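Chains as they are written, first to last, in PDB author numbering: chain A, -3 to 162; chain B, -3 to 162. Taking it in order: structure first as C-alpha cells, then the write-up.
Number of protein chains: 2
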Amino acid sequence: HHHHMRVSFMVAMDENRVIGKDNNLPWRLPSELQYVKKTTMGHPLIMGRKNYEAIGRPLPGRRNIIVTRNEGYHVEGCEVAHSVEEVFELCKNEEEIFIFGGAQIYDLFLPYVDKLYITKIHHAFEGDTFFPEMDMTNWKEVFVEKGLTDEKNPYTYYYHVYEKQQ
Amino acid sequence: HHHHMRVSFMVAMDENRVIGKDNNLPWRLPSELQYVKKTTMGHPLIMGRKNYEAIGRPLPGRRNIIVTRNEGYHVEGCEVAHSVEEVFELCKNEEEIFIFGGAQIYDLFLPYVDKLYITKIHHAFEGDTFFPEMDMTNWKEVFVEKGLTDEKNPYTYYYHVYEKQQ
Ligand SMILES: NC(=O)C1=CN([C@@H]2O[C@H](COP(=O)(O)OP(=O)(O)OC[C@H]3O[C@@H](n4cnc5c(N)ncnc54)[C@H](OP(=O)(O)O)[C@@H]3O)[C@@H](O)[C@H]2O)C=CC1
Ligand SMILES: NC(=O)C1=CN([C@@H]2O[C@H](COP(=O)(O)OP(=O)(O)OC[C@H]3O[C@@H](n4cnc5c(N)ncnc54)[C@H](OP(=O)(O)O)[C@@H]3O)[C@@H](O)[C@H]2O)C=CC1
Ligand SMILES: CCc1nc(N)nc(N)c1C#CCc1cc(OC)c(OC)c(OC)c1
Ligand SMILES: CCc1nc(N)nc(N)c1C#CCc1cc(OC)c(OC)c(OC)c1
C-alpha cells in the first residue's frame, strides 16, 4: 500500500508451527541456516529484540534492524526501530526486507506480508513460541524443495516460498 | 442465491478426472487425507449414500449429512437429506458446507458450487467413477501447493483452490 518495499517473512517451523523453545531454537540445521544466509544476504533483517539478543551479534552483509519499545536501546552495528512505521521509514528505498522473527515481530508485520519463505520441519518439537496462523487464500506456492537430511542435519524438512496474489 | 452458505466441493481426482474404482478410492495418500480433515473440520460434509457407506463411520468433528432417495434410511450420528433443498434447509445457517462426493452427489450440487478444493493427482488410474467436467471461466485459482510425495505417499499431486467470480 503506502510502503514500497516487498515485505518478506523468513521463518522455519515444525509440524505444529513451533519456532522456539526457552528463548532459543529447538533444532540445529546448519544446511537450513546456509539457505537463510544465501536468501537474505544483501537485504535488511527485521528482528524482535528477544530474537536479536539470542543471536548476540550483527549478522554480516545485511542491515540489522532491531524492533523494541525501549527508546534508549542501542546496539553497535545495528539500527533500532520502535514501530512498524519506523521500520518502513528506515527501509523506504529498499527492494525487499526480511521479517526474521520472532513470534511477536511476526504478529506485528502480519498485515503487511507479501511473500513467505517458510521452511517446514517434519517433526513435532517441544516448544513455547509459535509462528502465527495464516490464511493462505490468495497465496500461491512458487517454490518448493526438499532440504538436505544427513548426519549434520538430522530432520526431514522442506523449503517453501509463497507469494501473495492480492 | 437463495441459500447463504458457501457451497464448496472437496475432491481428489487424477489426470482423467477419475475419483473412484469398484466403489472405493483408487489410491492411498494419508497426507492428502490429513489435508482434507484439516480443511473440512468444523463444517458439514455432504456425502452421497454410496460414498458414506464405503467410509462406514461418521467422520468426527463435522456434521455428517447423507444424501439418499431412501425415505426410511437412518444412520446413528449422521443426518439424512433426500434433496439439494433439504440439505440447504439443514445447513441454512452454516458458513460453508463441503460436498464430499461421490460423482452423483457432485453432479447434484454442480449448479450451486461457489468454491472448489481440488487435489490433482499426476497419474492415470484405472477407474469407473469420474468428477464431472466444469467450465472454469469465471473461476480464479486462489491457492496452489505441491502435496507431500514420500514412501507413504507414492504419487505426485497438487492442492488447488478455485473461487467463482460470479
Ligand atoms: N525458527 C525460527 O524461524 C525463529 C525462531 N525464533 C525464536 O523465537 C523466540 C523469540 O520470539 P519472541 O519471544 O516472540 O520475541 P521477539 O523476537 O518477537 O521479540 C519480542 C520483543 O520485540 C519487541 N516488540 C514486540 N512488539 C513490539 C511493538 N509492538 N513495538 C516495538 N517493539 C515490540 C519487544 O522488545 P522490548 O522488550 O525491548 O520492548 C519484545 O520484547 C526465540 O525462541 C527464538 O529463538 C525467532 C526467529 C526465528
Ligand atoms: N476421490 C474423491 O475425491 C472421492 C471419491 N469418491 C468415490 O466415488 C465413488 C462413489 O460415487 P458414486 O458411485 O457416484 O455414488 P455417490 O456417493 O454419489 O452416491 C450415489 C447415491 O446418492 C444418492 N443420490 C444420487 N442422486 C440423488 C438425488 N438426486 N436425490 C437423492 N439422493 C440421490 C443415491 O442414494 P440411494 O441409492 O440410497 O437412493 C445414490 O445411490 C466411490 O468409488 C468413492 O470411492 C467419493 C467421494 C470422493
Ligand atoms: C532456525 C533458523 C531460521 N530459519 C529460517 N528459515 N528463518 C529464520 N528466521 C530462522 C531464524 C532465526 C533466529 C536465529 C538465527 C541464528 O542464525 C542466523 C541464530 O544463530 C544460530 C540464532 O541463535 C539463537 C537464532
Ligand atoms: C480421496 C480422499 C478425498 N480427498 C479429497 N481431496 N476430497 C475428497 N472428497 C476425498 C474423499 C473421499 C471418500 C473417502 C474418504 C475416506 O476417509 C475420510 C475414506 O476412508 C479412508 C474412504 O474410504 C472408502 C472414502
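In this text, a Cβ means the ideal position worked out from N, Cα and C, and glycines have one as well.
Interface residues of chain B facing residue i [CB-CB closer than 8 Å]
i, result
"residue 137(A)", "140, 141 and 142"
Partners in chain B for residue i, counting only beta-carbon separations shorter than 9 Å
i, result
"residue 133(A)", "138, 139, 157 and 159"
Whole-number beta carbon distance between residue j and residue i, since they are thought to touch under 8 Å
i, j, result
"residue 44(A)", "residue 63(A)", "6 Å"
"residue 2(A)", "residue 131(A)", "Contact doesn't hold; Cβ gap of about 20 Å is too wide."
"residue 4(B)", "residue 143(B)", "Rounded, the Cβ-Cβ distance is 19 Å, inconsistent with contact."
"residue 61(B)", "residue 77(B)", "6 Å"
"residue 86(A)", "residue 72(A)", "In fact, because the Cβ distance is near 17 Å, the residues do not count as touching under 8 Å."
"residue 56(B)", "residue 121(B)", "About 28 Å separates the two Cβ atoms, so there is no contact after all."
Residue(s) in a DSSP beta bridge with residue i
i, result
"residue 17(A)", "20(A)"
"residue 7(A)", "114(A)"
"residue 171(A)", "As shown, chain A starts at -3 and ends at 162. That puts residue 171(A) outside it, with no answer to give."
"residue 43(B)", "62(B)"
"residue 146(B)", "149(B)"
"residue 139(A)", "157(A)"
"residue 76(A)", "62(A)"
"residue 2(B)", "92(B)"
"residue 126(B)", "14(B)"
Test item: CB-CB of residue i and residue j under 7 Å
i, j, result
"residue 13(B)", "residue 139(B)", "no"
"residue 6(A)", "residue 15(A)", "no"
"residue 40(B)", "residue 90(B)", "yes"
"residue 158(A)", "residue 112(A)", "yes"
"residue 58(A)", "residue 36(A)", "yes"
"residue 117(B)", "residue 153(B)", "yes"
"residue 123(A)", "residue 17(A)", "yes"
"residue 156(A)", "residue 114(A)", "yes"
"residue 42(A)", "residue 84(A)", "no"
"residue 136(B)", "residue 161(B)", "yes"
"residue 99(B)", "residue 133(B)", "no"
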